[PDB]
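Below is one structure, written out as structure tokens; comments come after it.
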Amino acid sequence: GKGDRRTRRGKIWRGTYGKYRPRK
Amino acid sequence: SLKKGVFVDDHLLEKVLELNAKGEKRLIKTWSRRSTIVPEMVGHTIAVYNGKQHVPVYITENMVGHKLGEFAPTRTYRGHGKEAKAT
Amino acid sequence: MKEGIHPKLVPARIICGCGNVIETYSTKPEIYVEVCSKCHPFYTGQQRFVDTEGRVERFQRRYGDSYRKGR
Amino acid sequence: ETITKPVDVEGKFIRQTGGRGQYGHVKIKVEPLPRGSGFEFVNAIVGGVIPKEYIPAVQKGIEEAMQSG
Amino acid sequence: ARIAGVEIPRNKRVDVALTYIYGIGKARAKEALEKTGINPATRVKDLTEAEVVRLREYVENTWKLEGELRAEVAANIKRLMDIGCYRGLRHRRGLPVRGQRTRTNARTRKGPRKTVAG
Amino acid sequence: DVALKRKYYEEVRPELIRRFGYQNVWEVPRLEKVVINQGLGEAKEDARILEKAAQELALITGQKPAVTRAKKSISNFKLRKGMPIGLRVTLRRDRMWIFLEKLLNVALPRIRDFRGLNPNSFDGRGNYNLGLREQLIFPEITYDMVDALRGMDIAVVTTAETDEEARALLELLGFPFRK
RNA sequence: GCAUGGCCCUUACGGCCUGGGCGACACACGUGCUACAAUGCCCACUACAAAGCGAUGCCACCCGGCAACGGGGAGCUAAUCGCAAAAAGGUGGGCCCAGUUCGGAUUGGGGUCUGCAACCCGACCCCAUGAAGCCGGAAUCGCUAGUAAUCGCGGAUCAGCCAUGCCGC
RNA sequence: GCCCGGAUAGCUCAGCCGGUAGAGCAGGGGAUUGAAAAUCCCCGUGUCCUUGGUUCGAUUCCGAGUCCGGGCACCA
RNA sequence: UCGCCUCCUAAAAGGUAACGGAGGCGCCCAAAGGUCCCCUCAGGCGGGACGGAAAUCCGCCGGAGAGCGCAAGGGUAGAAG
Ligand SMILES: [Mg+2]
Ligand SMILES: [Mg+2]
Ligand SMILES: [Mg+2]
Ligand SMILES: [Mg+2]
Ligand SMILES: [Mg+2]
Ligand SMILES: [Mg+2]
Ligand SMILES: [Mg+2]
Ligand SMILES: [Mg+2]
Ligand SMILES: [Mg+2]
Ligand SMILES: [Mg+2]
Ligand SMILES: [Mg+2]
Ligand SMILES: [Mg+2]
Ligand SMILES: [Mg+2]
Ligand SMILES: [Mg+2]
Ligand SMILES: [Mg+2]
Ligand SMILES: [Mg+2]
Ligand SMILES: [Mg+2]
């Protein structure tokens with residue numbers, strides 16, 4: 001899913017945070 | 001897609017607005033293809049630079065949340081012709 | 001007349017998101033509607049969906065109008 | 001001898017079957033001048049589509065083969 | 001369970017089923033379910049008339065789905081073809097519009113395997 | 001009970017009589033027919049017919065349409081001595097109002113678009129004839145049954161004459177116009 | 001890059017500026033990234049690194065927002081503060097073999113942030129789309145050990161970033 | 001008339017005892033070579049003669065029909 | 001070239017030749033037949049969603065120029081269409 005922005009992996013990869021990977 | 005600001009060149013804006021004081025000639029060419037299509041100015045004929053020449057744009061009004069540049073394609077292209085490899 | 005084929009012919013409801021409208025007499029009950037929400041005849045319409053969000057409030061009638069260019 | 005109406009033509013010379021060497025095709029514009037003007041060579045070379053070396057060579061062929069009409 | 005249109009998921013979780021609508025992603029979908037007291041993990045093949053319409057009401061009233069939406073896009077698309085909009089001449093030419101590269105790739109908006117070598 | 005009905009008998013009818021009018025209770029501009037031809041979108045029938053335009057469009061006006069067929073030779077159009085390529089529907093009286101009125105001021109709208117009806121479009125006897133870009137888009141939608149964007153071309157024949165007498169009848173009846 | 005013999009231009013082959021272009025697109029090839037899924041995917045929770053980088057910089061902790069971010073605001077001249085939290089793993093639940101909760105292209109729309117300015121041409125966030133791909137022909141590349149494979153982390157450049165690159169851990 | 005055989009891509013032809021249509025020529029891409037030949041791979045092209053049947057399904061099976069080909073009849 | 005059909009040559013009845021002029025036939029239709037009942041064209045000009053300069057529509061104007069399986073002629077809407 002590394003290219004799927006709407007996911008855990010997707011975010012981690014892109015190096016960002018959001019609704020799908022909150023800043024803890 | 002900028003922010004809480006809306007952008008337009010102060011001097012492309014003037015020529016326009018002071019013109020709305022009386023209204024007239026569409027002879028108004030600007031190189032500011034970078035400024036937002038003048039909402040409070042729906043009807044003049046703007047001559048947006050093409051990088052080569054000034055392409056007049058009727059600028060109707062259905063086009064207000066855009067830029068004067070979106071109406072002056074800067075590249076010229078009309079299909080390709082032949083390939084050739086071996087080099 | 002013509003027996004058979006013909007629709008059914010029955011009244012229903014013309015809803016409307018801006019007050020009642022035509023009186024049943026077609027063949028449809030529900031529908032988006034929107035008679036006109038602004039007619040259009042000459043004016044009272046031309047609601048030109050272009051309204052630059054929050055117009056004015058910024059970049060307005062300033063910068064110094066024409067000025068004493070006459071001198 | 002001389003021409004009456006200005007003409008534009010292309011000179012081709014492709015040599016590549018076995019592949020020994022290669023070729024040197026070119027195009028030119030030829031038009032008549034007032035009587036007594038003689039010969040003239042217009043060096044209209046753009047971004048260098050032709051080497052500043054083969055030019056006199058393509059001219060020593062025009063001028064040369066220009067002997068007999 | 002005809003919802004927005006004629007799409008009746010079933011045999012599949014309600015949260016995943018809805019998805020099959022043209023305007024319902026795992027997002028919105030998962031919302032409507034908690035705004036209708038419906039248990040997500042419940043198969044459609046178990047939804048009660050109550051819940052079914054009790055849900056059909058929300059989904060089908062809030063935002064504009066299948067078809068309705070479809071038309072929207074088409075409209076927006078054609079509107080970009082006005083006086084000379086670039087993002088518009090882009091749809092016309094049939095190439096990418098989001099500033100992509102065309103020297104290579106761009107296949108998603110072109111014909112796979114065109115060839116033409118002189 | 002009828003919708004417009006009144007609109008014409010009550011309104012329009014008098015504004016005309018004295019704006020024109022006079023003498024007879026007959027030489028007053030009034031509609032008498034409402035026909036409408038589809039043609040079959042941007043691609044005609046084909047042995048595998050279409051007839052959905054029939055069944056659907058039929059009841060989008062309340063009453064099945066007929067089927068017209070070409071004539072003469074075609075050559076570069078694909079047709080022949082004809083059969084079919086038509087499918088149109090006339091109709092007057094009641095249905096004329098109901099179709100255009102319970103669709104005139106509520107239906108015609110919605111379709112994402114500009115100003116009013118093309119002005120210079122009338123002739124003599126005042127009949128007009130608009131012609132939306134077909135686009136079966138609204139009214140009476142109830143989706144599904146969606147195969148082609150086929151729509152139509154509406155013909156409205158009225159009494160009257162000239163263009164004013166005619167136009168006055170529509171304009172004062174509910175026909176937004178001129179750009 | 002620089003230096004340098006010779007040749008060449010000196011109201012221009014030098015200089016300034018606005019705008020464009022280097023981002024073009026019928027096509028061909030190279031290096032790569034993300035994949036086609038169950039030894040997998042998604043969600044919640046819970047662990048174990050190293051090497052680096054930071055004052056008109058890194059920015060704790062609060063608060064609004066679903067987010068990106070925004071207001072506030074402590075510490076830190078940094079083995080003393082923080083960028084962090086590592087990911088793969090582990091545990092519980094969900095998916096049940098389908099072009100799918102695989103895959104994410106593409107497109108519409110709504111926003112955020114840098115900068116005078118993001119039409120050409122930025123990066124993020126969110127909603128809606130959701131494509132080709134379920135394993136790849138002739139051919140062809142890498143590696144002999146903490147290597148290959150796989151997982152994440154840092155840095156230079158840098159306002160920002162088209163880094164899926166590069167040098168490192 | 002009788003028996004037997006044939007018609008498949010622009011041409012030359014395989015089509016196996018029912019499901020799907022293919023080599024070859026030509027051309028276009030690739031691959032291999034330091035490079036050019038030679039060689040390899042990958043493409044796009046069908047009323048499968050026409051008709052009726054049989055079958056879930058026919059270019060294939062069955063019956064007829066036309067046009068070829070072979071042999072033998074014979075033609076008021 | 002050789003039989004058949006249409007027009008002309010053929011000199012206003014019929015007929016009339018030439019290696020005179022110009023075209024067709026060696027079929028076809030179970031509805032393209034019988035009868036009963038309805039319907040009227042082609043184009044010209046307007047007005048018309050895709051619409052060529054003829055798709056199908058609407059409004060006038062239009063005695064036949066349309067149509068009638070195929071040549072040509074005759075005939076024909078007061079129908080043979
Ligand atoms: Mg996914
Ligand atoms: Mg640039
Ligand atoms: Mg470059
Ligand atoms: Mg580009
Ligand atoms: Mg990989
Ligand atoms: Mg919060
Ligand atoms: Mg598990
Ligand atoms: Mg930009
Ligand atoms: Mg999808
Ligand atoms: Mg596929
Ligand atoms: Mg699979
Ligand atoms: Mg070794
Ligand atoms: Mg950076
Ligand atoms: Mg980009
Ligand atoms: Mg005689
Ligand atoms: Mg006589
Ligand atoms: Mg009969």
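In the structure tokens, chains take letters A, B, ... by order of appearance, with residues numbered from 1 within each chain and ligands from 1 in the order shown.
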**OP:** Grab me every residue within 9 Å of ligand 2, counting only C-alpha atoms (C1' of nucleotides) and all ligand atoms, and send it over as a ChimeraX atom specification.
**Re:** /G:20-23,120-121
**OP:** Return as a list in words the residues of protein, DNA or RNA that approach ligand 14 to within 9 Å, with only C-alpha atoms (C1' of nucleotides) and all ligand atoms taken into account.
**Re:**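 Taking only C-alpha atoms (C1' of nucleotides) and all ligand atoms into account, the residues around ligand 14 at most 9 Å away are residues 98, 99, 100 and 101 of chain E; 23, 121, 122 and 162 of chain G.
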**OP:** Name the residues of chain E that fall into alpha helix (DSSP H) according to DSSP on the backbone, using the chain letters and numbers of this document, as a PyMOL selection string.
**Re:** chain E and resi 14-17+26-34+49-59+68-79+86-93
**OP:** Determine, counting only C-alpha atoms (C1' of nucleotides), which protein, DNA and RNA residues have an atom within 10 Å of an atom of residue 1 (chain D); residues of the same chain fewer than 6 positions away are not included. Present the result as a ChimeraX atom specification.
**Re:** /D:66-69
Subject >> Contact residues around residue 25 (chain C) with only C-alpha atoms (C1' of nucleotides) at 7 Å, ignoring same-chain residues under 4 positions, as a list in words >> reply: residues 9, 10, 11 and 12 of chain C; 98 of chain F
Original post:
Using only C-alpha atoms (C1' of nucleotides), which residues sit within 9 Å of residue 7 (chain C) once same-chain residues fewer than 6 positions away are excluded, as a count of residues only?
Top reply: 6
**OP:** Identify, counting only C-alpha atoms (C1' of nucleotides) and all ligand atoms, the protein, DNA and RNA residues located within 10 Å of ligand 16, and give them as a PyMOL selection string.
**Re:** chain I and resi 10-15
Any idea what's packed within 12 Å of region 12-17 of chain F, counting only C-alpha atoms (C1' of nucleotides), ignoring anything in its chain fewer than 2 positions away? Could you give it as a PDB file with N, CA and C atoms, in the first residue's frame?
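What ended up in out08.pdb:
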```pdb
ATOM      1  N   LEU F   4     -51.587  25.211 -15.772  1.00  0.00           N
ATOM      2  CA  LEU F   4     -51.610  26.422 -16.587  1.00  0.00           C
ATOM      3  C   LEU F   4     -53.046  26.817 -16.845  1.00  0.00           C
ATOM      4  N   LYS F   5     -53.738  26.013 -17.655  1.00  0.00           N
ATOM      5  CA  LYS F   5     -55.137  26.244 -18.028  1.00  0.00           C
ATOM      6  C   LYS F   5     -55.611  27.644 -17.664  1.00  0.00           C
ATOM      7  N   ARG F   6     -55.734  27.888 -16.362  1.00  0.00           N
ATOM      8  CA  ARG F   6     -56.148  29.185 -15.852  1.00  0.00           C
ATOM      9  C   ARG F   6     -55.244  30.260 -16.458  1.00  0.00           C
ATOM     10  N   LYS F   7     -53.939  30.114 -16.238  1.00  0.00           N
ATOM     11  CA  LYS F   7     -52.927  31.043 -16.743  1.00  0.00           C
ATOM     12  C   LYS F   7     -53.292  31.625 -18.107  1.00  0.00           C
ATOM     13  N   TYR F   8     -53.800  30.779 -19.002  1.00  0.00           N
ATOM     14  CA  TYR F   8     -54.182  31.232 -20.335  1.00  0.00           C
ATOM     15  C   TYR F   8     -55.585  31.833 -20.370  1.00  0.00           C
ATOM     16  N   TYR F   9     -56.556  31.119 -19.814  1.00  0.00           N
ATOM     17  CA  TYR F   9     -57.924  31.614 -19.794  1.00  0.00           C
ATOM     18  C   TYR F   9     -58.028  32.864 -18.924  1.00  0.00           C
ATOM     19  N   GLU F  10     -57.485  32.787 -17.711  1.00  0.00           N
ATOM     20  CA  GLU F  10     -57.502  33.908 -16.773  1.00  0.00           C
ATOM     21  C   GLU F  10     -56.528  35.003 -17.203  1.00  0.00           C
ATOM     22  N   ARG F  19     -53.710  45.196 -26.633  1.00  0.00           N
ATOM     23  CA  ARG F  19     -52.264  45.019 -26.722  1.00  0.00           C
ATOM     24  C   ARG F  19     -52.280  44.480 -28.135  1.00  0.00           C
ATOM     25  N   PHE F  20     -53.501  44.125 -28.527  1.00  0.00           N
ATOM     26  CA  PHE F  20     -53.870  43.590 -29.835  1.00  0.00           C
ATOM     27  C   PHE F  20     -55.379  43.381 -29.717  1.00  0.00           C
ATOM     28  N   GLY F  21     -55.788  42.111 -29.654  1.00  0.00           N
ATOM     29  CA  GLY F  21     -57.198  41.747 -29.536  1.00  0.00           C
ATOM     30  C   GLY F  21     -58.209  42.598 -30.273  1.00  0.00           C
ATOM     31  N   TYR F  22     -59.474  42.289 -30.006  1.00  0.00           N
ATOM     32  CA  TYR F  22     -60.650  42.987 -30.528  1.00  0.00           C
ATOM     33  C   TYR F  22     -61.602  42.122 -31.315  1.00  0.00           C
ATOM     34  N   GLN F  23     -62.866  42.403 -31.069  1.00  0.00           N
ATOM     35  CA  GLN F  23     -63.948  41.739 -31.719  1.00  0.00           C
ATOM     36  C   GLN F  23     -64.201  40.287 -31.372  1.00  0.00           C
ATOM     37  N   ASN F  24     -63.605  39.363 -32.117  1.00  0.00           N
ATOM     38  CA  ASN F  24     -63.882  37.955 -31.878  1.00  0.00           C
ATOM     39  C   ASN F  24     -63.210  37.204 -30.753  1.00  0.00           C
ATOM     40  N   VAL F  25     -64.006  36.304 -30.180  1.00  0.00           N
ATOM     41  CA  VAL F  25     -63.589  35.423 -29.099  1.00  0.00           C
ATOM     42  C   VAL F  25     -62.810  34.261 -29.727  1.00  0.00           C
ATOM     43  N   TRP F  26     -62.404  34.420 -30.983  1.00  0.00           N
ATOM     44  CA  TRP F  26     -61.649  33.359 -31.632  1.00  0.00           C
ATOM     45  C   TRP F  26     -60.354  33.832 -32.230  1.00  0.00           C
ATOM     46  N   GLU F  27     -60.368  34.997 -32.867  1.00  0.00           N
ATOM     47  CA  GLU F  27     -59.145  35.490 -33.470  1.00  0.00           C
ATOM     48  C   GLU F  27     -58.141  35.908 -32.406  1.00  0.00           C
ATOM     49  N   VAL F  28     -58.063  35.099 -31.351  1.00  0.00           N
ATOM     50  CA  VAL F  28     -57.145  35.328 -30.241  1.00  0.00           C
ATOM     51  C   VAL F  28     -56.061  34.249 -30.249  1.00  0.00           C
ATOM     52  N   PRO F  29     -54.788  34.663 -30.194  1.00  0.00           N
ATOM     53  CA  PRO F  29     -53.669  33.719 -30.201  1.00  0.00           C
ATOM     54  C   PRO F  29     -53.769  32.596 -29.173  1.00  0.00           C
ATOM     55  N   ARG F  30     -53.795  31.352 -29.646  1.00  0.00           N
ATOM     56  CA  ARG F  30     -53.840  30.206 -28.742  1.00  0.00           C
ATOM     57  C   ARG F  30     -53.244  28.966 -29.395  1.00  0.00           C
ATOM     58  N   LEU F  31     -52.592  28.134 -28.587  1.00  0.00           N
ATOM     59  CA  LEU F  31     -51.966  26.911 -29.077  1.00  0.00           C
ATOM     60  C   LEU F  31     -53.010  25.881 -29.475  1.00  0.00           C
ATOM     61  N   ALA F 160     -52.521  32.439 -33.811  1.00  0.00           N
ATOM     62  CA  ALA F 160     -51.815  33.673 -34.045  1.00  0.00           C
ATOM     63  C   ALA F 160     -51.243  33.753 -35.452  1.00  0.00           C
ATOM     64  N   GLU F 164     -45.196  38.628 -33.099  1.00  0.00           N
ATOM     65  CA  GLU F 164     -45.624  39.270 -31.867  1.00  0.00           C
ATOM     66  C   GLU F 164     -46.833  38.543 -31.324  1.00  0.00           C
ATOM     67  N   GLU F 165     -47.912  38.521 -32.099  1.00  0.00           N
ATOM     68  CA  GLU F 165     -49.124  37.849 -31.656  1.00  0.00           C
ATOM     69  C   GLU F 165     -48.761  36.493 -31.062  1.00  0.00           C
ATOM     70  N   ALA F 166     -47.860  35.781 -31.734  1.00  0.00           N
ATOM     71  CA  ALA F 166     -47.421  34.465 -31.277  1.00  0.00           C
ATOM     72  C   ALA F 166     -46.561  34.588 -30.027  1.00  0.00           C
ATOM     73  N   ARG F 167     -45.454  35.306 -30.169  1.00  0.00           N
ATOM     74  CA  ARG F 167     -44.516  35.537 -29.078  1.00  0.00           C
ATOM     75  C   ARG F 167     -45.224  36.088 -27.840  1.00  0.00           C
ATOM     76  N   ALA F 168     -46.157  37.009 -28.054  1.00  0.00           N
ATOM     77  CA  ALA F 168     -46.904  37.601 -26.954  1.00  0.00           C
ATOM     78  C   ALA F 168     -47.625  36.506 -26.177  1.00  0.00           C
ATOM     79  N   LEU F 169     -48.137  35.519 -26.904  1.00  0.00           N
ATOM     80  CA  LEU F 169     -48.863  34.410 -26.297  1.00  0.00           C
ATOM     81  C   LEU F 169     -47.955  33.574 -25.398  1.00  0.00           C
ATOM     82  N   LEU F 170     -46.752  33.279 -25.876  1.00  0.00           N
ATOM     83  CA  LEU F 170     -45.802  32.481 -25.104  1.00  0.00           C
ATOM     84  C   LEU F 170     -45.133  33.330 -24.023  1.00  0.00           C
ATOM     85  N   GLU F 171     -44.557  34.449 -24.446  1.00  0.00           N
ATOM     86  CA  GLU F 171     -43.887  35.376 -23.546  1.00  0.00           C
ATOM     87  C   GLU F 171     -44.757  35.674 -22.325  1.00  0.00           C
ATOM     88  N   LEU F 172     -46.038  35.951 -22.561  1.00  0.00           N
ATOM     89  CA  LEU F 172     -46.961  36.259 -21.472  1.00  0.00           C
ATOM     90  C   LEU F 172     -47.585  35.007 -20.890  1.00  0.00           C
ATOM     91  N   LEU F 173     -47.105  33.844 -21.305  1.00  0.00           N
ATOM     92  CA  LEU F 173     -47.635  32.592 -20.790  1.00  0.00           C
ATOM     93  C   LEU F 173     -46.579  31.899 -19.914  1.00  0.00           C
ATOM     94  N   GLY F 174     -45.319  32.268 -20.112  1.00  0.00           N
ATOM     95  CA  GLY F 174     -44.268  31.657 -19.336  1.00  0.00           C
ATOM     96  C   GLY F 174     -43.165  31.071 -20.195  1.00  0.00           C
TER      97      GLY F 174
END
```
**OP:** For ligand 12, list the contacting residues at 12 Å or closer, counting only C-alpha atoms (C1' of nucleotides) and all ligand atoms, as a ChimeraX atom specification.
**Re:** /G:143-145,147
Original post:
Which residue, G:42, G:29, G:62, G:17, has the smallest gap to ligand 6 when you use only C-alpha atoms (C1' of nucleotides) and all ligand atoms?
Top reply: G:62
Excluding same-chain residues fewer than 4 positions from residue 12 (chain A), what lies within 10 Å of it counting only C-alpha atoms (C1' of nucleotides), as a PDB file with N, CA, C and O atoms (P, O5', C5', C4', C3', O3' and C1' of nucleotides), in the first residue's frame?
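Saved as selection-v3.pdb:
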```pdb
ATOM      1  N   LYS A   2       2.167   1.108   0.099  1.00  0.00           N
ATOM      2  CA  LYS A   2       3.077   2.255   0.155  1.00  0.00           C
ATOM      3  C   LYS A   2       2.703   3.484  -0.671  1.00  0.00           C
ATOM      4  O   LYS A   2       3.123   4.598  -0.350  1.00  0.00           O
ATOM      5  N   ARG A   5      -2.078   6.830  -0.139  1.00  0.00           N
ATOM      6  CA  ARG A   5      -2.035   7.921   0.829  1.00  0.00           C
ATOM      7  C   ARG A   5      -2.990   7.747   2.000  1.00  0.00           C
ATOM      8  O   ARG A   5      -2.709   8.199   3.111  1.00  0.00           O
ATOM      9  N   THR A   7      -3.576   5.501   4.089  1.00  0.00           N
ATOM     10  CA  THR A   7      -3.243   4.404   4.994  1.00  0.00           C
ATOM     11  C   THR A   7      -2.028   4.660   5.873  1.00  0.00           C
ATOM     12  O   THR A   7      -1.324   5.663   5.723  1.00  0.00           O
ATOM     13  N   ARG A   8      -1.803   3.738   6.801  1.00  0.00           N
ATOM     14  CA  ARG A   8      -0.673   3.813   7.707  1.00  0.00           C
ATOM     15  C   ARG A   8       0.554   3.848   6.805  1.00  0.00           C
ATOM     16  O   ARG A   8       1.186   4.893   6.637  1.00  0.00           O
ATOM     17  N   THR A  16       4.593  11.788   5.977  1.00  0.00           N
ATOM     18  CA  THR A  16       3.602  12.749   6.453  1.00  0.00           C
ATOM     19  C   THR A  16       2.651  12.156   7.501  1.00  0.00           C
ATOM     20  O   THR A  16       2.717  10.966   7.825  1.00  0.00           O
ATOM     21  N   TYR A  17       1.773  13.000   8.037  1.00  0.00           N
ATOM     22  CA  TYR A  17       0.798  12.563   9.029  1.00  0.00           C
ATOM     23  C   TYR A  17      -0.562  13.119   8.637  1.00  0.00           C
ATOM     24  O   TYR A  17      -0.654  14.079   7.866  1.00  0.00           O
ATOM     25  N   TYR A  20      -5.141   9.557   8.690  1.00  0.00           N
ATOM     26  CA  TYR A  20      -4.771   8.141   8.657  1.00  0.00           C
ATOM     27  C   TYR A  20      -3.467   7.738   9.352  1.00  0.00           C
ATOM     28  O   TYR A  20      -3.087   6.561   9.338  1.00  0.00           O
ATOM     29  N   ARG A  21      -2.792   8.713   9.958  1.00  0.00           N
ATOM     30  CA  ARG A  21      -1.548   8.485  10.697  1.00  0.00           C
ATOM     31  C   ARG A  21      -1.330   9.703  11.576  1.00  0.00           C
ATOM     32  O   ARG A  21      -0.481  10.541  11.280  1.00  0.00           O
TER      33      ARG A  21
ATOM     34  P     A G  87       7.346   2.452  14.452  1.00  0.00           P
ATOM     35  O5'   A G  87       7.646   1.606  13.128  1.00  0.00           O
ATOM     36  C5'   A G  87       6.991   1.938  11.909  1.00  0.00           C
ATOM     37  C4'   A G  87       7.479   1.054  10.776  1.00  0.00           C
ATOM     38  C3'   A G  87       7.208  -0.434  10.962  1.00  0.00           C
ATOM     39  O3'   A G  87       5.957  -0.777  10.379  1.00  0.00           O
ATOM     40  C1'   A G  87       9.505  -0.106  10.529  1.00  0.00           C
ATOM     41  P     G G 152       9.115   0.207   5.019  1.00  0.00           P
ATOM     42  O5'   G G 152       9.866   1.441   5.688  1.00  0.00           O
ATOM     43  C5'   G G 152       9.267   2.145   6.778  1.00  0.00           C
ATOM     44  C4'   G G 152      10.219   2.211   7.943  1.00  0.00           C
ATOM     45  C3'   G G 152      11.104   3.439   8.020  1.00  0.00           C
ATOM     46  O3'   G G 152      10.426   4.494   8.670  1.00  0.00           O
ATOM     47  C1'   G G 152      12.405   1.502   8.403  1.00  0.00           C
TER      48        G G 152
END
```
Original post:
Given a cut-off of 10 Å, what residues near ligand 11 show up using only C-alpha atoms (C1' of nucleotides) and all ligand atoms, put as a VMD selection string?
Top reply: chain G and resid 36 to 37 97 to 100 102 134
**OP:** Using only C-alpha atoms, find the one residue out of B:37, B:65, B:24, B:73 that sits nearest to chain C.
**Re:**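 For chain C, the nearest of the candidates is B:65.
With a cut-off of 8 Å and using only C-alpha atoms (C1' of nucleotides) and all ligand atoms, the polymer residues contacting ligand 13 are residues 157, 158, 160 and 161 of chain G.
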